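Asker: Protein sequence lines correspond, in order, to chains 6 and 7. The numbering of the first sequence is the entry's author numbering, which starts it at 4 and goes up by one. The numbering of the second sequence is the entry's author numbering, which starts it at 60 and goes up by one.
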Amino acid sequence: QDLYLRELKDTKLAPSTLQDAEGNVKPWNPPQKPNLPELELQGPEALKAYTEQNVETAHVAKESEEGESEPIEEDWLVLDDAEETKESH
Amino acid sequence: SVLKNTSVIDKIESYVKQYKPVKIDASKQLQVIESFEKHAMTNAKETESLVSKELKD
C-alpha cells in the first residue's frame, strides 16, 4: 500500500542522490563528495604509514660477509690460544 | 575480492611479483671456510699421528 510505497519513493529522493546517485546531497549543508572519495580515500593510508609500508619498500636484504677471509692472522693465533686453553684444559 | 574498492591490490600484487626474485643466497665462503678446515686437517692428523705412535710406544 501507498504509505510504504511513498516512503519507498522517499528512499528514491533523499538518499537516491546520497549513494544511489552522485548528486551530492540537498538537506546537508556540508558536501558529501570531498570527504570519503578524495580525503578519506587516502584515509586508510592516513591511518597507516605512507610511502614506506603501503609502497611496502621491497628492500634488498643487507649482505653480511664472512670473517673477512683472513685466516692466517687468526687461525694460528687461535691455534696458539688453543695451546693456552689445552694447558688449562 | 573481499575489497570492492580494490584500486591498489593489483599494484600490490604486481609489487610482490616484481620483487618475487627477492635476493639470492650468499655462498661466498669457498676459500676461507676450507682454510679453517685446512688447519683442521693439519692439527688433527698431527695429533692422530702422535697418539697412534705413542699408544703403541
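C-beta: ideal position from N, C-alpha, C; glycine also.
Looking at the structure shown, is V110 (chain 7) part of a helix, part of a strand, or coil, going by DSSP?
Answerer: In this structure, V110 (chain 7) counts as helix in the three-state DSSP scheme.
Asker: Could you check what DSSP says for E77 (chain 6) in three-state terms: helix, strand or coil?
Answerer: Note: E77 (chain 6) maps to helix in three-state DSSP.
Asker: Let's see if you can read the secondary structure: which residues bound the alpha helix (DSSP H) around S73 (chain 7)?
Answerer: First-last of the alpha helix (DSSP H) with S73 (chain 7): 68-77.
Asker: Which residues in chain 7 sit within 8 Å of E69 (chain 6), going by Cβ to Cβ distance?
Answerer: Near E69 (chain 6) (Cβ distances below 8 Å), the residues of chain 7 are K87, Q88, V91, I92.
Asker: Under 8 Å between beta-carbons, which chain 7 residues line up against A52 (chain 6)? List them in chain order, please.
Answerer: Within chain 7, no residue comes near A52 (chain 6); the closest Cβ sits about 14 Å away, beyond 8 Å.
Asker: Under 8 Å between C-beta atoms, does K82 (chain 7) make it to chain 6?
Answerer: Yes, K82 (chain 7) counts as interfacial toward chain 6.
Asker: Measure from the alpha carbon of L16 (chain 6) to the alpha carbon of each residue in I75 (chain 6), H92 (chain 6), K29 (chain 6), then state which is nearest.
Answerer: Ranking the options by Cα distance to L16 (chain 6), first place goes to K29 (chain 6).
Asker: Grouping DSSP H, G and I as helix and E and B as strand, with all else coil, what is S91 (chain 6)?
Answerer: Note: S91 (chain 6) maps to helix in three-state DSSP.
Asker: Using a Cβ-Cβ cut-off of 8 Å, state whether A49 (chain 6) counts as contacting chain 7.
Answerer: No, no contact with chain 7.
Asker: DSSP on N38 (chain 6), reduced to helix/strand/coil?
Answerer: Reduced to three states, the DSSP call for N38 (chain 6) is coil.
Asker: Rounded to whole angstroms, how far is the Cβ of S94 (chain 7) from the Cβ of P74 (chain 6), which I believe are closer than 8 Å?
Answerer: That belief holds up - the Cβ atoms of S94 (chain 7) and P74 (chain 6) are roughly 4 Å apart, short of 8 Å.
Asker: Please classify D78 (chain 6) as buried or exposed, where buried requires at least 16 other C-beta atoms within 10 Å of its C-beta.
Answerer: Counting Cβ neighbours within 10 Å, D78 (chain 6) comes out buried, since at least 16 surround it.
Asker: Name the chain 7 residues that come within less than 8 Å of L82 (chain 6), Cβ to Cβ?
Answerer: Neighbours of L82 (chain 6) on chain 7, chain order: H98, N102.
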